[PDB]
Ligand SMILES: [Cu+2]
Ligand SMILES: [Cu+2]
């Protein structure tokens, strides 16, 4: 509801009262240079969805808007130990491995790619016109998750993978209240678990958050932007995985054909959308058996690799 | 009867004491009706001003309510119905005049009060009483320009009128030209609208509209007139429509609204008026003056700008919501018919 109210979709239960808050903000910010049209100038970059993200103010305005949503989320009751426990299932470890690189280590760098802008170049002599884009890229990797069943029956589960920064400015483990809002979704997929022990492996390119290269260059987050940049000296990060009970999360009807329903009953950003239950203070004591944490290190290298 | 015509003499020369004689008549006032400053020598006066009078109007000594509240406002002070305190004073005086239910008792109360209360206030209180009593109805009240020219004319003329009247004999007196386009020069583009803003006519229309349709009085009667709310909307709305028209005829754009009260006011205005009742001039407003929180202990004004802003925020909400809430907590709907009113 709140989403439709904020930004104003015709689905808003009362546009007249709660207004067109997000959208009107984009216009105000784009017209500071000529607000009464006396200079016969058009809107700046924040006035077009196509270009809005280029401006730094976008993130400030969208940051504010988020705080308003948060104000609602902090009113919701904390997820109980019960609610995010999966009776029987226990995740005992998660790791990541890239080719030619230590365990629990992600790498990033620059990479040139080519795009034919020929169809867009009006009144230009026909032919090919290739343009070379430089953009962030990450080395391919894969998650390896150790899950124990201890039930006696095949258990269905949702694998939910997020990643956040590890520490604060003072160099300690970030607290939950802070860290919960910095968790970026990395993957969410359905898995069938056999009784006893299960070794789950998942490639970076199978991510349900991402869409392939080919789609962008030739809706989905760009694949090459899946991993944060990190630092040359290495940037410390907590990798988190949760296995939830798919039977509860299931919805009887990038991810097949899009035109019907959102396939997860749980709230979006589900493990961390709400405040912590009493006693919980940091990630390492928020965890239930069916969750796991892992220290990852993100290394950047200022070099241009080919495709 | 005569009484109706005798009240109109009160409007004559508002600051000259009532015993000085109005038109070709004079009042035969009791000594307990004489003002405290003049009463101790009173006799020497009745004689002194007795001359040149055809008629003498008798006046009976009556009970007279307490005129404490009416007398609270200074005699040399300004009077505005916008100021909270003045509203309570006028409404109380109106109540006295209104309360004397015979035309002879009204005449006695008036004659007494006149020289004790603020002229501007007296004029208002009387005007309202006469216009809305049954015995005094359809009576032609003298134009307020003629009784209070100081609110309608450049102060410069007054010392010319005094000169002309003292030096030159009657009959040979030259008409005094009233300056026009005198409040600002051509550096201020606003000066072009003098013929509208400063026109005697339109200022009289505005004053009179608020006479017949006040927003504060007693009971519903003389405030509860059909669709006065819509009237207030429309009349004022037409003022700006007409103003915006006249703007276009002087190569100006449409008047810009007061978006928000914290931003400076670009257009100053020095009105060039001198109140002969207050014996001072009206203050001007400078360019880029800013609205400031009021604390006028005397006038009974303790209002912050944020108070105003809060009222506006709430009114907007109601208008968008489509309904208002009464004191009781119930909802009243701003429908097509009575919404505007
Ligand atoms: Cu936006
Ligand atoms: Cu008005």
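Residue numbers (our numbering), protein chains in the order written: chain A, 89 to 395; chain B, 23 to 363. Every residue gets a Cβ at the ideal spot worked out from N, C-alpha and C, and that includes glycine.
- According to the DSSP assignment, residue 207/B belongs to no alpha helix (DSSP H), since it is labelled neither H nor E.
- Among the residues of chain B, those whose CB is under 7 Å from the CB of residue 105/A are 342 and 343, following chain order.
- Comparing C-alpha distances from residue 330/A to each of 350/A, 143/A and 277/A shows the shortest one belongs to 277/A.
- Its chain contains 199, 223, 224, 225, 226 and 301 as the residues whose beta carbon lies nearer than 8 Å to that of residue 312/A, once the 5 sequence neighbours on both sides are disregarded; these appear in chain order.
- Inter-residue distance for residue 305/A and residue 219/A is about 11 Å (C-alpha atoms, whole angstroms).
- Of the residues assessed, residue 307/A falls on the exposed side of the cut-off, its CB having fewer than 16 other CB atoms within 10 angstroms.
- A residue is listed when its beta-carbon falls short of 7 Å from at least one non-hydrogen atom of ligand 2; in chain order these are 228/B, 231/B, 232/B and 258/B.
- Just so you know, the alpha carbons of residue 173/A and residue 375/A end up roughly 9 Å apart.
- If you check the CB distance, residue 242/B and residue 363/B do not come in under 7 Å.
- Judged by DSSP secondary structure, residue 387/A falls within the beta strand (DSSP E) whose first and last residues are 379-393.
- A straight-line Cα-Cα distance of about 14 Å links residue 342/B and residue 353/B.
- In the DSSP annotation of this structure, the continuous segment of the beta strand (DSSP E) that includes residue 286/A starts and ends at 285-291.
- Considering only 221/A, 188/A and 194/A, the residue with the shortest C-alpha distance to residue 204/A is 221/A.
- Within the same chain, 186, 189, 226, 227, 387 and 389 come within 7 Å of residue 195/A by CB-CB distance, once the 5 residues on both sides are set aside.
- Restricted to the stretch 93-171 of chain B, the alpha helix (DSSP H) segments that are unbroken, complete and at least 4 residues in length are 106-121, 125-135, 141-154 and 166-169, listed in chain order.
- Judged by DSSP secondary structure, residue 198/A falls within the beta strand (DSSP E) whose first and last residues are 193-204.
- When the alpha-carbon of residue 51/B is set against those of 122/B, 289/B, 40/B and 60/B, the nearest one is in 40/B.
- Residue environment for residue 137/A: exposed (fewer than 16 other C-beta atoms within 10 angstroms of its C-beta).
- Secondary-structure assignment with DSSP links residue 251/A through a beta bridge to 272/A and 327/A.
- Between residue 135/A and residue 150/A the beta-carbon gap is near 15 Å, outside 8 Å, which marks them as no contact.
- Taken through DSSP and simplified to helix, strand or coil, residue 181/A comes out as strand.
- Judged by DSSP secondary structure, residue 346/B falls within the beta strand (DSSP E) whose first and last residues are 345-347.
- Contiguous beta strand (DSSP E) elements confined to the stretch 133-165 of chain A do not occur, taking only those with 3 or more residues.
- Contact between residue 235/A and residue 156/A is ruled out by a C-beta separation of about 38 Å, above the 8 Å threshold.
- In chain order, 276 and 277 place their CB closer than 7 Å to the CB of residue 266/B, counting only its own chain and leaving out the 5 sequence neighbours on each side.
- Inter-segment contact for the stretch 105-120 of chain B and the stretch 141-151 of chain B is present: three or more beta-carbon pairs are separated by less than 8 Å.
- With 16 or more other Cβ atoms from the protein chains shown falling within 10 Å of its own Cβ, residue 93/A counts as buried.
- Around the beta-carbon of residue 220/B, 16 or more other beta-carbon atoms lie within 10 Å, marking it buried.
- The C-alpha of residue 218/B lies about 8 Å from the C-alpha of residue 268/B.
- Under the criterion of beta carbons closer than 8 Å, residue 192/A and residue 372/A do not qualify as touching, at roughly 16 Å.
- For the pair residue 84/B and residue 130/B, the Cα-to-Cα distance works out to about 7 Å.
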